[PDB]
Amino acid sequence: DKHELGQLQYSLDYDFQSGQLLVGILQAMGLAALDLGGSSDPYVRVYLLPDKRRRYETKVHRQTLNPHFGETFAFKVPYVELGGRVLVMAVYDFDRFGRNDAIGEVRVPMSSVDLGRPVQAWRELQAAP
């Protein structure tokens, strides 16, 4: 048996008026413990490959496997140029004395998505590629 890394809720919306992709990070659930104490200090990292210098982060939530994020993030790119891009939503356990530990991620290849209407999804977290 593989255990699940965690369930993540998020939203995609293309804002045609402002010309931006809106990524909303709503919450996570049943995240994995990456501290010995049996909890984590989760935060999500969000960016739009192949561009990796434009990287956002959520606030860190001390000690919880069911964080409520509630943050929205913007990427200025035209609906047409959104093609070959993949959206990465990377959950991490903040460790103050060392590398922060990867919990898991969701990668959304933007080519495959319907974005006429807005979208709200839950996705299982997968290990890094």
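The first residue of the shown sequence is 1; numbering continues from there.
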- Comparing 78-86 with 65-73, where is the mean C-alpha B-factor higher? 78-86
- Query: Of the two stretches 115-123 and 14-22, which shows the higher Cα B-factor on average in the entry?
  - Reply: 115-123
- Item | Cα B factor band for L49 (lowest, middle or highest third within the chain) | highest
- If you rank every modelled residue in this chain by C-alpha B factor, which third holds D101: lowest, middle or highest? middle
- Message: Ranking every modelled residue in this chain by its Cα temperature factor as given in the entry, which third contains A128?
- Response: highest
